[PDB]
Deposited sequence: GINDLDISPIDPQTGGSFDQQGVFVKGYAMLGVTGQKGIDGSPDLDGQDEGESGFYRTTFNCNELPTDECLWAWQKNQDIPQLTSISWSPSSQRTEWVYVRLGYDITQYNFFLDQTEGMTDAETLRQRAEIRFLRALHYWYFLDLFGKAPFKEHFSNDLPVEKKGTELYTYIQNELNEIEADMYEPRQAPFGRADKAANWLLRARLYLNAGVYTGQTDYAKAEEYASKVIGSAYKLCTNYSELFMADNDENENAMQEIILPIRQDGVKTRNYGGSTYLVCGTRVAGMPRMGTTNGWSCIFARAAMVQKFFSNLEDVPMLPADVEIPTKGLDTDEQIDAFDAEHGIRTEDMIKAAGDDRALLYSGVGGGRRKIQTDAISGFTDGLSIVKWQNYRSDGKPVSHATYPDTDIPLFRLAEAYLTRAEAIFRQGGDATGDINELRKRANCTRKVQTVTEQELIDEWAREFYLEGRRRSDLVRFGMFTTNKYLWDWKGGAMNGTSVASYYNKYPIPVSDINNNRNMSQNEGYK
């Protein structure tokens, strides 16, 4: 029989865990969406280019036969079929909890449609669980639908911070709408920054507040530490012993580490992704200012097995991550150029391995309170999918776009990060750079780059963009992923996006 509670729980679980030619957890909502919004950007690089479809995602040169693209497409659609099932099975129910559940499920469905809209510009549309092929709902119509959904369900959702931690409240609703309004120009051709500002303000005016220590937002106890919880509007709950190797944070932590690094937080460093030189430049405009071990200084083959030994050596050469942060004058510069794991490069002439770029240690499987985590390999770290910081950056950009003064909102975030440099005047470049500094490796980069018209164009060239070591542009039709050829062949209702063949 229909287990309403079980299905509801699964609705949320789909955001952070999975149930070939696809490794464990590869079909995950988070990993697939994260990769499509990160791997082709200036924030990071996949170290093993021999992997299928990686060169394509890395260089922005994929085709309709893209495996990675099919993965995210199939996942988004599948999740929605489940949300539709729950809604069809609870239709007519009037009890208080079910009203909240239905609103929340519609919210999650709306979020999924936003991903479709943002990534493909359209989506295989269906509102009920049936065998009928989905119909194509294009950009503007899709945009309008999502905004209507969020508007209609707001009243039945929990007030800000009143829902059980892990569930969406009215503030999550407002934030997503603010994101939609901010990107209204891209999706509909008509901007709506006035509304972006309005809804961003609703979120800022809520009970949510900014965490006083940036790093704590991405630590193992971010579901218990109030300093972090007060800012996390929508957390994707993760638990080492339960989520295990199939979660989103498994990738964020294990994927960015390699044996030898101090405080790995895991016994298994996948050494999958590292920072592109352009990412490091977001904290160091002049890359020569980045703390680095001199080429003439050798790295001992012995005496560097413990974190203590590694830290002492890094300290001697000023390359501990805490030294990186001090040099950057920004708490958010959670990068590693130390000797743990081997000699690092900031930029490379050929993507040959994990050490060809600095490591990103933003995500950690250590608790701010120092207590034990649940597992030696799989992280406990929740993914703060929605953070109050997004409201500040969204409002800043909206105000800037309208000709207003956005210094206040930008400095709210820079002050939180204890930045030595405060912004005196906001510019387009400053804004997109701040989006990177605040949200790097949180799965949204590509979307912001497209809005700023920098994803495919010459307006911004980063290392390895377009397949060129120094970066080169690509066709503008790449601002949208293609509809998987498999669905083109299976659903005659769908049409391929412009440019692809």
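Visitor: Do you know which deposited regions have no coordinates at all?
Guide: Counting from residue 1, the stretches without coordinates are 1-16, 36-45.
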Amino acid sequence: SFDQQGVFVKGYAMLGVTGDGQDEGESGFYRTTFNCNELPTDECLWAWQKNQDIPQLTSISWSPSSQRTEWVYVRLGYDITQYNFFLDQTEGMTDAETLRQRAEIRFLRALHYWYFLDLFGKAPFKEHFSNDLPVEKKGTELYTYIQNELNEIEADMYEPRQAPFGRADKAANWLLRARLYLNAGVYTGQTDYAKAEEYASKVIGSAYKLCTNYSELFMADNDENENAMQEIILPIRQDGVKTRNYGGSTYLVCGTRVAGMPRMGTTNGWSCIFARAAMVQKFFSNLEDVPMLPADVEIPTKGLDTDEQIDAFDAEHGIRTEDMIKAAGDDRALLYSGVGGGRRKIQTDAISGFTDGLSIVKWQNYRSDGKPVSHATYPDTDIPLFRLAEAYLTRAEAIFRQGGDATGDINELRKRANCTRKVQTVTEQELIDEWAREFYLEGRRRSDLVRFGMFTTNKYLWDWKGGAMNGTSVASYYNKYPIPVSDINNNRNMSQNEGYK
From here on, numbers count along this sequence of modelled residues.
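Take the two forms, find the largest set of C-alpha atoms that superpose within 1.5 Å, and that set is the rigid core.
Visitor: So which moves more in 4 other deposited structures of this protein by CA, 237-245 or 105-113, given a superposition on the core?
Guide: Higher root mean square deviation of C-alphas in 4 other deposited structures of this protein is shown by 237-245.
Visitor: Superpose by the rigid core and compare 92-100 with 191-199; which one moves more, by C-alpha RMS, in 4 other deposited structures of this protein?
Guide: Looking at 191-199 and 92-100 in 4 other deposited structures of this protein, the bigger mover is 92-100.
Visitor: How about residue 25: is it missing from at least a third of the other entries compared?
Guide: In none of the comparable entries (those modelling both sides of it) is residue 25 left without coordinates.
Visitor: State which stretch shows the higher mean Cα B factor in the entry: 298-306 or 401-409.
Guide: Looking at the record's C-alpha B-factors, the answer is 298-306.
Visitor: For the higher mean C-alpha B factor in the entry, choose 256-264 or 187-195.
Guide: Higher mean C-alpha B-factor in the PDB entry: 187-195.
Visitor: Say you rank 372, 92, 164, 318 by Cα B-factor from the PDB entry; which sits at the top?
Guide: That would be 92, according to the entry.
Visitor: Whose CA atom has the top B-factor in the entry, of 279, 142, 376, 358?
Guide: Across 279, 142, 376, 358, the entry lists the biggest C-alpha B-factor for 142.
Visitor: Please place residue 50 in the lowest, middle or highest third of its chain according to the CA B-factor in the PDB entry.
Guide: Top third by C-alpha B-factor.
Visitor: Can you tell me which third, lowest, middle or highest, the CA B-factor of residue 85 falls into for its chain?
Guide: Highest third of the chain for residue 85's C-alpha B-factor.
Visitor: Consider only the C-alpha atoms of the modelled residues in this chain, order them by B-factor as the entry records it, and name the third containing residue 433: lowest, middle or highest.
Guide: Within its chain, residue 433 is a middle-third residue by C-alpha B-factor, going by the deposited values.
Visitor: In terms of the CA temperature factor given in the entry, to which third of its chain does residue 154 belong: lowest, middle or highest?
Guide: Answer is middle: the recorded C-alpha B-factor places it there.
Visitor: Quick one: classify residue 65 as lowest, middle or highest third of the chain based on its Cα B-factor.
Guide: Highest third, going by the recorded CA B-factors of the chain.
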